[PDB]
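Q: Below you'll find the structure I mean.
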Amino acid sequence: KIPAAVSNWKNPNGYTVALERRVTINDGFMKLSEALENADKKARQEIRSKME
Amino acid sequence: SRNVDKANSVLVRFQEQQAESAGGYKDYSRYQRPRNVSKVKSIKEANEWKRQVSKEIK
Amino acid sequence: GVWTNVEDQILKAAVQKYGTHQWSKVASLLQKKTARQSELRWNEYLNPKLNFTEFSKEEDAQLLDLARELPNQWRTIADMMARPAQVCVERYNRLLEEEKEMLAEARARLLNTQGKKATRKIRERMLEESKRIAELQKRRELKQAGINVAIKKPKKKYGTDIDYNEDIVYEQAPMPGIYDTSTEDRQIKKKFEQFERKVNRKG
Amino acid sequence: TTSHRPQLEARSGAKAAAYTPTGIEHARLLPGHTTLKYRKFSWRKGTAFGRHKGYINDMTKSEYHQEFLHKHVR
Amino acid sequence: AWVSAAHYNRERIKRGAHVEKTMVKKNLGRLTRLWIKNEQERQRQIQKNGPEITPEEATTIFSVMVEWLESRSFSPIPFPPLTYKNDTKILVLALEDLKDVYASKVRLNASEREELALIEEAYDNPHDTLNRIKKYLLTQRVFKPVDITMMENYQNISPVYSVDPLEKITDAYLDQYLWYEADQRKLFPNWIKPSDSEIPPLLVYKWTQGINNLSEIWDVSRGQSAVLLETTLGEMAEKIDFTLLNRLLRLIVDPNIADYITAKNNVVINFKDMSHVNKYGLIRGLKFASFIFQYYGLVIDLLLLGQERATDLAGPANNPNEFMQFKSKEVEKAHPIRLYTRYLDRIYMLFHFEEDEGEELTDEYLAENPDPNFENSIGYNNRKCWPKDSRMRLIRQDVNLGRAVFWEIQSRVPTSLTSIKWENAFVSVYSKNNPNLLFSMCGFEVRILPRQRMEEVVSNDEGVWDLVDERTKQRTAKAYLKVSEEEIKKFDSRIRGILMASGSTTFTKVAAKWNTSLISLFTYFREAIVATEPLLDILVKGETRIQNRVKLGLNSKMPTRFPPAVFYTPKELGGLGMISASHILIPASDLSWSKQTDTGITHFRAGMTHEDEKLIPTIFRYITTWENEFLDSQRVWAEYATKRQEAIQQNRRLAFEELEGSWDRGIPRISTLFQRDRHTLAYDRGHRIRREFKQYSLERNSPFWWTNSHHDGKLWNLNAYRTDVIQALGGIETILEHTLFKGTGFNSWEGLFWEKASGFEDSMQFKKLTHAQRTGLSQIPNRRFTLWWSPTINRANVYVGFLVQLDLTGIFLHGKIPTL
Amino acid sequence: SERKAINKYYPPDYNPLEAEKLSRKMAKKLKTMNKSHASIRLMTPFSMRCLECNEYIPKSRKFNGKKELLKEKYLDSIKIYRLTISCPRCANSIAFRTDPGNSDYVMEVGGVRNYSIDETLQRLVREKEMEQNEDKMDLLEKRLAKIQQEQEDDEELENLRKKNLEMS
RNA sequence: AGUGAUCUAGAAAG
RNA sequence: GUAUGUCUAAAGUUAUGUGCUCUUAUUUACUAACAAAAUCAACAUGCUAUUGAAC
Ligand SMILES: [Mg+2]
Ligand SMILES: [Mg+2]
Ligand SMILES: [Zn+2]
């Protein structure tokens, strides 16, 4: 059985059709953000430590 | 421009005039019908005006 | 620029006809809105696929983690949450504390199915049948007046045009089989001529 | 829309066969090639990252298409 | 099949082969589909298999940037309060830059009407707009989609991004504010270009003079070498990762501004029915994109140079170096990289090596990449534009040294950040075997030859700079100039675009577009055009085709109808007012000898010629060449400095009368000192890069992107050309002999005018109806133009033409001329 | 013959002056030279609605319409024209006329648009006076409110900036 | 102290 | 690229039940398929502030 073809671009006969027919994260991102967060912490603590 | 102002150009009007002079040709559908009938004297041309009224009522 | 309830209903009814790739047609109804704004309104509020339901506790955990793993990248976070972006931004913030006339035009346009030249064509058909019935009734009046005018056949558009009443136009007789058809042939001829006399006198 | 239609069947050449040619001389049907042929029969330490420390049958992902896009879109 | 047809038609378009007018925009369409499709595939693969940048690379990049900004004692840019002193000046500069687009346009669609509505709202209500901008900076983190379009430049299409107007006002404010505060805080070192202080021809001039003024640079007696590396940072903008960008930006700007910038890049991109989120890479069309581009560029600069040599080039933070200078010769000669600059994504390095340093680098490269075949000469990028005699000579030692220099530098930047490839790199070596040092910068092909390496020191024309040793003020080298081939193709594509878009239009519009294009070429490249014969050929063809557009408008290409007086007579005398570059003689030479060595001008080709032989002047004779501009500017500004000091000592005004005669000299012009806008222009930092980046935001960007008249002044003056074309065409009495002038019965030309001098265009009602655009210019209608020049257009001595007589007159037409 | 023909054929006896005089005598009797309107193609200048059948007519729809020069002129000098179309559904005549003084159009018959010479001269003079010429305590109280609103905005923004730091 | 090298060219329909 | 469509003049009836005279476009002027991608030429040589009745 072949379904009826409903286009999202075309409507030759002007049919109003039911609306519903007209309508995970990779781990590297976590590792990258975590590493940059730790590098930022290193920067903060180094400038704080040598501020004395 | 359209057919109407081409047909009402000076050359076409002059050719109509020359044709009604040189050979008696006159397409009466171009011309306004006489309001008063009695000013028309020829039986031929009066009958042609009658034909114009006939096609108008059709 | 605020969106009215009537404008939202017009947009949904318009997308039912036009789909999600013809926003200039949608905006031709919404008189104070552009196509750009209409596509925004659909895609971010009125599309039924959007999930505006309250977040589960697991969703709040997921959203806070993603907001750390992909900082400020709210369209990416939203695509991962499978929710609208402004919803995700508001949630993240929570967790860290005369119009009748337009509707009349809308209904008139959207319930029109015919299009322009088809409407002109049915108008033309109406006029043609009007002229036909004019000839028919005039012929009937003149027949009552006792001056029997014949009906005028249509003018040939080209020199070889066909009148389908004069001939069986491309007669393809049945090929003769083994069985004799003669008796029922003369019966059919009787039937046809009887019908012709009947329509002549009874109409 | 109803003027704008797909081809359900093609026109049969049997129709053209049913009547005779009408004598128009086409230029491409003038004589030409009138005979048939026949066959015989220290400064490098100061940087963080220095070393001191194919065809596929998809036109769009092929390296030629990638190079073409990098050349002609800029 | 569709993608194959796209490939084939693109090749035909970029060749200049026959292509239909509709086919060009069809190809534009198909190719923009294919580019978006490929970019979507790239973004999805980044999401699937992860970021290109490793965590180790990210943490050490962050460490390098932190080390730099700490060593500079950089104070990060704060968020601007409403009490900020420069708020109204920053906003008025932003709104002026935004309004400059629509002051020069008439096709105002709804978005661009809304633009002007918001701009006039903002001019009316500065405080309201400041408050709105700042609350959006603090709070808004989700943005409307960006439409992308592509612009058909006939060598390649280029992207253009349409941002929402209300967002665009915020982005313009932020761009202005960031560039101002970054100049105040000295974020960007001297080597980062374009700069507010230099037009691009002056950057090329200062680079060449800087090379010549390095100590011991030209000596080769000890086996020294100089190496000049030019390459692009390939794919730099599209490889910017947003979390690395956000944590990098937080080192220099307030977290609210960094978060705004980061979120503003993460937007939906739309084209027709195609739509995707930009999840990776900078959108070049954002108004602040130049800032992001230059700061990410500074990260890459620090990776290339290292901390130590970067501090050498930039100098101590409390009194930094000016561009290409050092605090002493000891600091200069400490390290092989003598000079660095980056113009956007093009880096330039000069290395000076001792003989043993060069040997060491070369044997390292050959240790890892040995060449027993001597195949290294194959695929070595070399300058086609110069003869074989004077381009780089591919000796074994120099080729290997250049490959080693590249091979060293390519390691220094991760591939995840930038795509540095040999195929996009040029490495010229100056040595005992190579006397010429070559590079290409800003569209100028440059070849430096020292006087000590010239076999005979001849005198030269314009288009050869003499480079001066500033220690003695003596000339010590020559720099030969040409236009880059890609810039010649760009000019040809521009004239081609004019020709295509000008079907059945007014002739004076075509002439005006040609004039604008020719002026933009000649005022930019100036003297580099002289030695560039392919450009002269292209110029002649282009002017001929521009005239052919007029001729085919009149359905007749016949030369005798259209003498030079028809085209080159000024507009107020009824001509098209074209400016000429094509009536020159073109230098001609033996092709083989010219491929091999500098033949010299032995012969001349005829350029454009007409049987009415007239000495039409050239545009080139009225523009001061850049060498003379820069030398005169140095003299002029030093003189002004001395005058300024004595005026300060007197405590009286350094007068207008005291600087007259020097008023219209200098780069920037002396006149810039005294313009009334000087006090508001002082805050418009970053204007030049902003003007160059407009190519990504706006369709049909200006051809004069390289100079800002407000900051640089008026850098050319073509008033004399009009007088000289009038005299060249035989004077006014000769010009009107071609015209229907005496058919009017007027006695004399003087006192006659075309415009009817009505007061309607001064009406307030007209101002209400036409407020978007200035309207001083006036076209000549085609029928009036044809009637005016009718005694020569309908002349009697046609080559062919069927003689017919107009009805009921004794007028004869020789052929068919439309509108006559 | 082509569109752009240069010459037309005149008979050898053709005198142009006599021909024009004869054609002028003829023109007073031809039907289509003396009918009261000129047929034209035009776009609908504004959105309008038919009153017979309530059909909406959008702007920029092309029609075949009738043009009439009217007897009356704007300020006795400038030509006014009536422009008449017919409704696409029901064929009823819709008419509107030009309004030269406003540089606009005004509706006449059959439809409705969506959304005196002495008096006119006086109004024009007064308009020119406005063109050339182009509560005190209430305005001061508005200046008080404006200055308060301006100075309080910085504190509001600083509260948002601090709130963002707290949220972070 | 002067040798020469010389493209074109218009009509219809859309 | 100056759309295009229909209509009619038919035939009478097909057998039964010349003056005068304005005109410096004083024209109801008509057509839009055609093209639209406009910015070189700007901008003067030097910035402003003013008047209440009466007890
Ligand atoms: Mg056609
Ligand atoms: Mg067409
Ligand atoms: Zn109606």
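For neighbour counting, all protein chains shown are included, and Cβ atoms are generated from backbone atoms with ideal geometry for every residue, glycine included. Values quoted throughout were computed directly from the atomic coordinates according to the rules given, and no laboratory measurement underlies them.
Q: Once the Cα atoms of helix B:10-22 and of chain B are each reduced to a long axis, what angle between those two axes, in degrees from 0 to 90 to the nearest 10, is obtained?
A: Around 50 degrees separate the two axes.
Q: At a 10 Å Cβ-Cβ cut-off, how would you order D:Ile56, E:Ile529, C:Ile188, E:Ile817, fewest neighbours first?
A: Working: D:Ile56 8, E:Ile529 24, C:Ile188 11, E:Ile817 16.
Ordered from fewest to most neighbouring Cβ atoms within 10 Å, D:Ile56, E:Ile529, C:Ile188, E:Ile817 come out as D:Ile56, C:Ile188, E:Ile817, E:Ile529.
Q: Arrange F:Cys87, E:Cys385, C:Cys88, F:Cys53 by Cβ neighbour counts within 10 Å, fewest through most, would you? Provide the component values of the computation, followed by the final result.
A: Details: F:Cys87 20, E:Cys385 17, C:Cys88 24, F:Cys53 12.
Ascending number of Cβ neighbours within 10 Å: F:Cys53, E:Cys385, F:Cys87, C:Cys88.
Q: Are there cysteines in the protein assembly as shown with no other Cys C-beta under 4.7 Å, and if so, which?
A: If one checks each Cβ against the other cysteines of the protein assembly as shown, C:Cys88, E:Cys385, E:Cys442 turn up with nothing under 4.7 Å.
Q: Stick to Cα atoms and the Kirkwood definition of Rh, then tell me Rg/Rh for region C:54-203.
A: 1.49
Q: In addition: Just need log10 I(q)/I(0) for chain B at q = 0.12, 0.27, 0.29 Å⁻¹, Debye formula, equal scatterers on the alpha-carbon atoms, no solvent, rounded to two decimals.
A: The computed values of log10 I(q)/I(0) come out as -0.37, -1.13, -1.16.
Q: Right, another one. Find me the longest stretch of chain E that has none of the exposed GluC sites (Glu not before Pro), where exposed means in a DSSP loop (not H, G, I, E or B) with at most 14 other Cβ atoms within 10 Å. Spell out each step's value before the answer.
A: Details: sites that count: E:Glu20, E:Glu216, E:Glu322, E:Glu354, E:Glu455, E:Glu456, E:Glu470, E:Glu611, E:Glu613, E:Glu660, E:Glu699, E:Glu750, E:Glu755.
With GluC sites (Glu not before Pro) excluded where exposed in loops, chain E gives E:21-215 as its longest stretch.
Q: For chain B, run through the chymotrypsin sites (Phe, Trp or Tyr not before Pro) and keep only the ones in DSSP coil with at most 16 other Cβ atoms within 10 Å of their Cβ.
A: For chymotrypsin sites (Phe, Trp or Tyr not before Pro) across chain B that sit outside H, G, I, E and B with at most 16 neighbouring Cβ atoms in 10 Å, the list reads B:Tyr25.
Q: Roughly how far apart, in whole Å, are the Cα centres of region B:32-58 and region F:39-58?
A: Distance between centres, Cα-based: 40 Å.
Q: Treating only the Cβ of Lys, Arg, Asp and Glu as charged (+1, +1, -1, -1), what charge dipole size does region D:1-67 show about its Cα centre? Round to the nearest 20 debye.
A: Magnitude of the dipole: close to 560 debye.
Q: May I ask which of B:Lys50/F:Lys21; E:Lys134/E:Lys168; D:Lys53/E:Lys333; E:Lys768/F:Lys128 have a Cα-Cα span longer than 19 Å here?
A: In this structure, B:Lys50/F:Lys21; D:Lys53/E:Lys333 lie more than 19 Å apart at Cα.
Q: I would also like to ask the following. Any idea what the relative contact order of region F:1-95 is, in percent, if you count C-alpha pairs under 8 Å spaced at least 6 apart?
A: The normalised contact order for region F:1-95 reaches 18 percent.
Q: Sort E:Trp218, E:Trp179 so the one with the fewest other Cβ atoms within 10 Å of its own Cβ comes first.
A: With the fewest neighbours first, E:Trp218, E:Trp179 line up as E:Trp218, E:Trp179.
Q: With +1 on the Cβ of every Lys and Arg and -1 on the Cβ of every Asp and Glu, and nothing else charged, how large is the dipole of chain A about its Cα centre, in debye rounded to the nearest 20?
A: Rounded to the nearest 20 debye, it is 320 debye.
Q: In terms of Cα to Cα distance under 21 Å, which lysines are near enough to C:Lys152, apart from those fewer than 8 places away along the same chain?
A: B:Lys55, B:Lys58, C:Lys131, C:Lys138, C:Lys143
Q: Could you give each residue of region E:771-779 its phi-based ³J(HN,Hα) in whole Hz, using Karplus coefficients 6.51, -1.76, 1.60 with θ = phi - 60°, and x for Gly or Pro?
A: So the Karplus estimates, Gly and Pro as x, are 5, 6, 9, 8, 9, x, 6, 9, 8 Hz.
Q: Taking amide H positions as placed in the peptide plane 1.01 Å from N, state which residues far from E:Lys478 in sequence (5 or more) or on other chains have amide H under 5 Å from it.
A: Here the answer is E:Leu449, E:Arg451, E:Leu467, since their amide H atoms fall under 5 Å of that of E:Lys478.
Q: If you take each beta carbon of peptide E:257-270 and count the beta carbons of other chains within 10 angstrom, what is the mean?
A: Working: counts 0, 2, 4, 1, 1, 5, 7, 1, 3, 9, 2, 4, 0, 2.
Mean shielding by partner chains, rounded to a whole number: 3.
Q: For E:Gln779 and A:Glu52, what does the FRET efficiency come to when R0 = 60 Å and r is the distance between their Cβ atoms, rounded to the nearest 0.05? Each step should come with its number before you reach the end.
A: Numbers: r = 75 Å, r/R0 = 1.25.
Between E:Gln779 and A:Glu52 the formula returns 0.20.
Q: Using amide H atoms built in the peptide plane, which far-off residues or other-chain residues are under 5 Å from F:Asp99 H to H?
A: So F:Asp99 has HN proximity to F:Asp104, F:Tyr105, F:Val106.
Q: When you look at the Cβ of every residue in F:14-20, what mean number of other chain Cβ atoms sits within 10 Å?
A: 3
Q: Taking the Cα atoms only, what angle lies between the long axis of helix E:719-728 and the longest principal axis of chain E, rounded to 10 degrees?
A: 40 degrees
Q: Across every pair of different alpha-carbon atoms, what Kirkwood hydrodynamic radius in Å does region E:566-700 reach?
A: On the way: mean 1/r = 0.0486 Å⁻¹.
Radius from the Kirkwood sum: 20.6 Å.
Q: At q = 0.12 Å⁻¹, what log₁₀ I(q)/I(0) does a Debye calculation on the Cα points of region E:240-361 give, no solvent, two decimals?
A: -0.62
Q: Could you work out the mean count of beta carbons from other protein chains within 10 Å of each residue's beta carbon in F:56-63? The partial results should precede the final answer.
A: Values: counts 5, 0, 3, 0, 0, 1, 0, 0.
Taking all residues of F:56-63 together, the mean is 1.
Q: Helix E:289-314 versus the longest principal axis of chain E: what is the Cα-based angle in degrees, 0 to 90, to the nearest 10?
A: Between helix and principal axis, roughly 50 degrees.
Q: Ok, one more. Any idea how far apart F:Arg3 and B:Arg51 come out in nm if each label point goes 7 Å out from Cα toward Cβ?
A: 3.9 nm
Q: Averaging over every viewing direction, what projected area does the convex hull of the Cα atoms of the protein assembly as shown cover, in nm²? The partial results should precede the final answer.
A: On the way: hull surface 346.9 nm².
Projected over every direction and averaged, the Cα hull of the protein assembly as shown covers 86.7 nm².
Q: Counting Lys +1, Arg +1, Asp -1, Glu -1, what net charge surrounds C:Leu70 among other residues with beta carbon under 14 Å of its beta carbon? It would help to have the intermediate numbers written out before the result.
A: Details: positive: A:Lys31, C:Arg68, C:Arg75, E:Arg141, E:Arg247, E:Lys279; negative: A:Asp27, A:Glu34, A:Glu37, C:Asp65, C:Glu69, C:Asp79, E:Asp241, E:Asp259.
Net charge in that neighbourhood comes out at -2.
Q: Restrict the search to region E:477-572; then list the trypsin sites (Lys or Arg not before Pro) that DSSP places in a loop and that have at most 13 other Cβ atoms within 10 Å of their Cβ.
A: Those that pass, being in a loop and sparsely packed, are E:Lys557.
Q: If you take the square roots of the eigenvalues of the alpha-carbon gyration tensor of region D:2-42 and sort them as a ≥ b ≥ c, do you get rounded (a/c under 1.5), prolate (a/b over b/c) or oblate?
A: In terms of gyration-tensor shape, oblate.
Q: Give me the percent relative contact order of chain E, please, defined on Cα pairs under 8 angstrom at least 6 residues apart.
A: Value for chain E: 14 percent.
Q: Would you mind checking region E:430-450 for residues with the amide N under 20 Å from a putative spin-label position 7 Å along Cα→C-beta of E:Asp356?
A: Those under the cut-off are E:432.
Q: Sticking with the crude label model, points 7 Å out along Cα→Cβ, report the distance from E:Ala588 to A:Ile2 in nm, one decimal please.
A: The modelled label-to-label distance comes out at 6.9 nm.
Q: Where the convex hull is taken over the Cα atoms of region E:66-171, what is its projected area averaged over directions, in nm²?
A: Computing the convex hull of the Cα atoms and averaging its projections yields 10.6 nm².
Q: Something else: Going Cα to Cα from C:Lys121, which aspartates and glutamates come in below 19 Å? Please leave out same-chain ones fewer than 8 positions away.
A: Straight-distance partners of C:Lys121: C:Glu129, F:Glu55.
Q: Can you pull out the trypsin sites (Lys or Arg not before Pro) in region E:715-820 that DSSP calls coil and that have at most 10 other Cβ atoms within 10 Å?
A: Sites meeting the loop and neighbour criteria: E:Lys756, E:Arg774.
Q: What whole-number distance in Å separates the alpha-carbon centres of region E:343-362 and region F:82-112?
A: So the separation of the two Cα centres works out to 80 Å.
Q: Could you compute how fast chain E diffuses translationally, taking Rh as the Kirkwood radius over C-alpha pairs and applying Stokes-Einstein at 20 °C with viscosity 1.002 mPa s? Give it in µm² per second.
A: 71 µm²/s
Q: Among E:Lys135/E:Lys264; B:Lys26/F:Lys66; B:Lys26/F:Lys25, which pairs are too far apart, with a Cα-Cα distance over 19 Å?
A: Pairs exceeding the cut-off: B:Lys26/F:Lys66.
Q: Over what distance in Å are the Cα centres of region E:104-163 and region E:670-692 separated?
A: What the calculation gives is 23 Å, centre to centre.
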